[PDB]
Amino acid sequence: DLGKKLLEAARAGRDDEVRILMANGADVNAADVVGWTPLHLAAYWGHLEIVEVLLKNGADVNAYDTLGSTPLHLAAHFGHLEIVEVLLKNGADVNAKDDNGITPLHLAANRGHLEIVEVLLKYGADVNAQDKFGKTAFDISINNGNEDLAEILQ
Amino acid sequence: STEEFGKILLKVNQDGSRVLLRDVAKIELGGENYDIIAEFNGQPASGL
């Protein structure tokens, strides 16, 4: 029970305790019941300083949960611009599709994180990428009625 | 939000196009009832 303390520390935002558990050599890809790694929790709750520490000790950036969602899915969905870049810069699959076919661009477009959408596109995010319902990130913007987002995706 | 109510899907047409609630209605936050309006020294106001 060392990789389990890392998960709790990563979610809590305890920068120091993560580095302390990393020194003692805890499993950096230690998954919980739902398949969330420390990198997943840090991306969701938005602990950028921890995301950098985890990736530096070789945290699987393309680690996916029991529904096929990655830390990039969470980061892009909950408007964590700095973390989306740090993830993408450390070789995060920008075209990553979950069990529903939803990509980080789909989630970024849905919540209307205009800045993150541009960062994903910059790293070669497929605009024509459909989900299980045959809906693109542009189809989201038109249905959401987003003027600024729709112009970026055409 | 008004944005969420606006994109309520009323029906999908045979040609694929879809009728949203914002196409047949105006969506805004407004009073339950517009009968009661108050002024304090001729200035727009509310009160208890």
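Among the listed residues A:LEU21, A:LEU74, which satisfies the condition of being under 15 Å from the mean Cα position of the chain (by Cα) and in a helix (DSSP H, G or I)?
Being under 15 Å from the mean Cα position of the chain (by Cα) and in a helix (DSSP H, G or I) holds for just one of A:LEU21, A:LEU74, which is A:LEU74.
Can you name the number of the only condition in (1) out of contact with any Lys or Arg (no Cβ under 9 Å at 6 or more places or on another chain); (2) over 26 Å from A:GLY124 (Cα atoms) that A:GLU8 fails?
The number of the failed condition is (1).
Name the residue, out of B:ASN33, B:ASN13, that is loosely packed, with under 10 Cβ neighbours inside 10 Å and either over 16 Å from the mean Cα position of the chain (by Cα) or closer than 21 Å to A:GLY145 by Cβ (or both).
Going through B:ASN33, B:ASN13 in turn, the sole match is B:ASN13.
Starting from region A:133-148, take each residue that is within 12 Å of chain B (Cβ to nearest Cβ) and list its partners that are part of a helix (DSSP H, G or I) and surrounded by fewer than 15 Cβ atoms within 10 Å (Cβ to Cβ), counting only C-beta distances under 7 angstrom and pairs at least six apart or across chains.
Short answer, once both residue conditions are applied: A:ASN144/B:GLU3; A:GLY145/B:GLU3.
Any idea which of (1) surrounded by fewer than 21 Cβ atoms within 10 Å (Cβ to Cβ); (2) in a loop (DSSP other than H, G, I, E, B); (3) out of contact with any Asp or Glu (no Cβ under 6 Å at 6 or more places or on another chain) is the one A:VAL94 doesn't satisfy?
Going through (1) surrounded by fewer than 21 Cβ atoms within 10 Å (Cβ to Cβ); (2) in a loop (DSSP other than H, G, I, E, B); (3) out of contact with any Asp or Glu (no Cβ under 6 Å at 6 or more places or on another chain) one by one, A:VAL94 breaks only (1).
Only strands (runs of 3 or more DSSP E) wholly contained in chain B count here; list those with 2 or more residues that are more than 11 Å from chain A (Cβ to nearest Cβ).
Hits in chain B: B:9-12, B:38-40, B:43-45.
How many residues are within 14 Å of another protein chain (Cβ to nearest Cβ) and in a helix (DSSP H, G or I) when one looks only at region A:100-132?
3
Consider region A:32-80. How many of its residues are surrounded by fewer than 17 Cβ atoms within 10 Å (Cβ to Cβ), of a type in the set (A, V, I, L, M), within 17 Å of A:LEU7 (Cβ to Cβ) and in contact (Cβ under 8 Å) with a residue 12 or more places away in the chain?
Qualifying residue count, region A:32-80: 1.
As a convention, Cβ positions derive from the backbone with ideal geometry for all residues, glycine included, and neighbour counts pool all protein chains shown. Read-outs: derived from the displayed coordinates by stated rules, not from any lab.
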